[PDB]
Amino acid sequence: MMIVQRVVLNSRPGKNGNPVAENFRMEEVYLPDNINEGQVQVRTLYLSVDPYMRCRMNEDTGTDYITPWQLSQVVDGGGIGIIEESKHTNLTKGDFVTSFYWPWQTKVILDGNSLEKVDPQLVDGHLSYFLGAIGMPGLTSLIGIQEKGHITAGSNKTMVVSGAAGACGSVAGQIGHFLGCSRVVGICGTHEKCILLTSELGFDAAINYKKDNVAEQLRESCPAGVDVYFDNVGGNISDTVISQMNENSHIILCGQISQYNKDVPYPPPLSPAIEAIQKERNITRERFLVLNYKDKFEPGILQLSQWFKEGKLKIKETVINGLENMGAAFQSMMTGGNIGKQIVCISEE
């Protein structure tokens, strides 16, 4: 058997704690030389780190749809890789495949049914985009705007995006334009991120929530009020944005990342005063889970790919190399180290 590398859950940061590299541990294991029927053996190419992973580090995730990682047991999540051998009928050597439950391990044997074959033509050979803008986060943004945004052509709505330079947010804000908003405004945590948004991703305006006065800034940037709020962050920023939303406007409730290191239910409730404004202005704020919309993934991916291949959709990702950097990359992502999608390159390939 060959010796490969592996990441396991070393320790829990606690429900109110910050996630650290050392919550994860590298190990070496043997990879069997034989596989069975229905199984395939894959070389891992890229792994995703994602904010929903935060809850899996707690003993309870607080939801059926997600189970907690176990200590000393290998961690798993979004991944893309290439088949090195298969005894699964629909899969053969050289196929590129993805899984939501890819073990953080350099080579791995999996059940052939848990995989889906991807077409590199969609991403122009840039496989990592399948875990970002042409994957789950891109779908979340496009489908979210579609199902919850209530943007019509012929309208000239203003959209605001929180977490606007992360995976979801960088994409959401371009889709906003594509779908006929007349104004898209971004809130992110760095000056460098604001530049990306206004100069590369074509956001009409960019605000830094750490160094700026968000409210004053939204007033200048959203002179007609906010009709759509694509919300990835929650907390105090969402409070500012909602205070300035128009009547019958819409919050796309994507994530609430500022709350992820706190012991509080999801989704958290608006404060009494902000809830009051929400009800008074007939603002919609419904829970959005992309996984409830599986049968729109096809068109979704086809659309995003199409926009990318037309030069319309701009894809940003931040790549770190090496399986022994998963922990560090998750920490970096949780604390705004990533521009666009945080991706880990597992292979010398």
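For the two forms, the rigid core is made up of the largest set of C-alpha atoms that agree within 1.5 Å on superposition. Position 1 is the first residue in the sequence shown; the rest follow in order.
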RMS CA shift, core-fitted in 5 other deposited structures of this protein, bigger for 88-96 or for 237-245 = 88-96
After core superposition, the stretch with larger RMS C-alpha deviation in 5 other deposited structures of this protein, comparing 158-166 and 79-87, is 79-87
Would you determine, from the values in the PDB entry, which of 221-229 and 148-156 has the greater average C-alpha temperature factor?
-> 148-156
Going by the average Cα B-factor in the PDB entry, point out whether 130-138 or 200-208 comes out higher.
-> 200-208
Between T89, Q174, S99, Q259, where does the Cα B-factor run highest in the record?
-> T89
Whose C-alpha has the highest temperature factor in the PDB entry: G169, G77, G189, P268?
-> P268
Lowest, middle or highest third: where is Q303 by C-alpha B factor in its chain?
-> lowest
Among the modelled residues of its chain, the C-alpha B-factor of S243 falls in the third labelled middle
Split the chain's modelled residues into thirds by Cα B-factor; is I315 in the lowest, middle or highest one?
-> middle
Rank-wise, by C-alpha B-factor, drop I83 into the lowest, middle or highest third of its chain.
-> highest
According to the PDB entry, is the CA B factor of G322 in the bottom, middle or top third of its chain, that is, lowest, middle or highest?
-> middle
